[PDB]
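Enquirer: please find the sequence and an experimentally derived structure below.
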Amino acid sequence: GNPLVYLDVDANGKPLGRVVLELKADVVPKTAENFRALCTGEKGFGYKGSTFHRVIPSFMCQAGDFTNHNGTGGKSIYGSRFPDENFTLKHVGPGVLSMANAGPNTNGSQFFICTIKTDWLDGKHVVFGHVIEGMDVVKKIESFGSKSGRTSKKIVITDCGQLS
Ligand SMILES: NCCOCCNC(=O)[C@@H]1CCNC(=O)/C=C/C(=O)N2CCC[C@H](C2)C(=O)N[C@@H](Cc2ccco2)C(=O)NCc2ccccc2CC(=O)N1
């Protein structure tokens, strides 16, 4: 019964394809529900039109700051921040979907998709899903990043929603 959601991504207006994500509501229901609702936009806000603002090759692709588009913003469906739900799931390799944060219990809407095993984040960021389809799209996104995280193209979530 875990939901499937999708992000359609383009770079400087050129479509990259669709990333499909399974959300592990069986393990982190509160975190999964937040992401699902931000994909559908059913609360009146969410990810559509927001960007991957920080992309670091051989690390991760970060997105979801739909208020400030720069890593300082975002908000969850519960409020501006909500706590770390649990650290049961681990950053085991590429395709892991995990919450960005600025310290303990600062989850909002920002998230990242790993391109390697980021196991030093275990117990520090809440893992809540993984890529079902479209790792090749993620690798395309990654190819527009840099060591600093600055991107070389504008990477936009042109559509998102829930598949099941
Ligand atoms: N650069 C070349 C060096 O390469 C080595 C690899 N670098 C690493 O491992 C680095 C090493 C240490 N730097 C950082 O923490 C970068 C901080 C950074 O950018 N700020 C600008 C934006 C506002 C501040 C500060 C912030 O903190 N905003 C949140 C996003 C967020 C806000 C509210 C909820 O969520 C964020 O962005 N958290 C960072 C993040 C996000 C996702 C996954 C992991 C991590 C840890 C990480 O990236 N750690």
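Expert: Done, it's in. Numbers count the residues shown, from 1 in each chain.
Enquirer: which residues touch the biggest helix by length in the chain?
Expert: Scanning the chain for the longest helix, with DSSP state H as the assignment, gives helix 29-40. The list of residues contacting helix 29-40 from outside it, by C-beta atoms under 8 Å, 6 or more residues apart in numbering, reads 2-3, 5-7, 21, 23-25, 43, 45-47, 64, 66, 76-78, 82, 85, 97, 99, 107, 109, 111, 126, 128-129, 160-162. Any C-beta I mention is one placed from the backbone N, CA and C, and that applies to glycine too.
Enquirer: most centrally placed residue in this structure?
Expert: Note on the chain: the residue nearest the mean C-alpha position is residue 111, at 3.3 Å, using C-alpha atoms, centre = their mean.
Enquirer: ok, that residue touching residue 97?
Expert: Yes - proximity of residue 111 to residue 97 meets the contact threshold set by C-beta atoms under 8 Å, at 6.4 Å.
Enquirer: tell me, how many residues neighbour the residue of the chain found nearest the ligand?
Expert: With distances taken as C-beta to the nearest ligand atom, the chain approaches the ligand most closely at residue 71, which sits 3.2 Å away. Residues near residue 71, counting by other C-beta atoms under 10 Å, number 16.
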